[PDB]
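What follows is a short report on a single structure.
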Amino acid sequence: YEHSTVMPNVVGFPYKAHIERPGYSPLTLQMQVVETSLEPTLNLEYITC
Amino acid sequence: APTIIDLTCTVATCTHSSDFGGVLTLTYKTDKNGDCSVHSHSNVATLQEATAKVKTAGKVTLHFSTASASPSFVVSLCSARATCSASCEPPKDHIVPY
Amino acid sequence: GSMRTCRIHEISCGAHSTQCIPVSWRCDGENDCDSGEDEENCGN
Amino acid sequence: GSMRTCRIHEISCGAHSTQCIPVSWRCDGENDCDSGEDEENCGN
Ligand SMILES: [Ca+2]
Ligand SMILES: [Ca+2]
């Protein structure tokens, strides 16, 4: 059963999604962002000392 | 035969798919516990079972398969009658092997 | 003691229950009785 | 005797009480039943 949602990028926020399939009882998921990391791409230019 | 009085029909869920994608619940009032032959009086919806167990609790369930967006059929239980109408949503599976 | 020994082809559905079910429901594989005595001592 | 032996995956919540609790509620740390039989003889 395909589903889609949008959840905030806040660490520790307890996002809960409600999936309501027509033939079955509704379901509630829980997703949470424990940790995030933003990695740039680097090109070394020179070294100084 | 058990005496059935004030038989009402409600449909829990419906989905017009090839398999039996309907749940039908009947409420009734009886004096004794017995066996009734259940039939549907239209070809818009097809029941799955022929006989049901009627008890003093006053609730039996049936499974039916339909292909129309909104069916409407007359279901009988021993000698009683009712009119069942429901709203059905299309199924998501494109192809089935049965 | 005996309270509702009711009819011709019932099983009285337990010695202390207020139920009469047809004899055809004895050892059918389903617990029709509240106590479940209908499925007790089956398989002779 | 036995009162209301309930269903496939119930616990019947005491032989003298009319309650059904799912098997998932056995030894959960909560006294769902009035008699508390579900939390008795836990920790096998
Ligand atoms: Ca039985
Ligand atoms: Ca419990």
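Please read every residue number as a count from 1 along the shown chain.
Method reported for this entry: electron microscopy, 3.5 Å.
Using N, Cα and C of the backbone, Cβ positions are placed for all residues, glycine too.
Sequence-distant neighbours of C:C20 (disulfide bond) (same chain, 6+ residues apart, CB-CB distance under 8 A): C:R4, C:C6, C:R7, C:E10, C:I11, C:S12, C:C13. Marked as disulfide bond by Swiss-Prot: C:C6-C:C20 (among others).
Annotated disulfide bond per Swiss-Prot: C:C13-C:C33 (among others), in sequence order. The DSSP secondary structure for C:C13 (disulfide bond) is coil.
DSSP classifies C:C42 (disulfide bond) as coil under the three-state reduction. Note: C:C42 (disulfide bond) has non-local neighbours C:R26, C:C27, i.e. same-chain residues 6+ apart with C-beta under 8 A of its own C-beta. The annotation disulfide bond is assigned in Swiss-Prot to C:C27-C:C42 (among others).
Residues or ranges marked as domain 'LDL-receptor class A 3' by Swiss-Prot: C:4-44.
Packing around C:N44 (N-linked glycosylation site) is summarised by its Cβ count: 4 other Cβ atoms lie within 10 angstroms of its Cβ, all protein chains included. The N-linked glycosylation site annotation in Swiss-Prot covers C:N44.
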Checklist entry - In the structure shown, with every protein chain counted, which of the disulfide-bonded residues C:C13, C:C33 has the densest set of Cβ atoms within 10 angstroms of its Cβ? => result C:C13
Checklist entry - How many Å separate the Cα atoms of C:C33 (disulfide bond) and C:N44 (N-linked glycosylation site)? => result 20
Checklist entry - Using a Cβ-Cβ cut-off below 8 Å, which of the disulfide-bonded residues C:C27, C:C33, C:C42 are near chain B? => result none
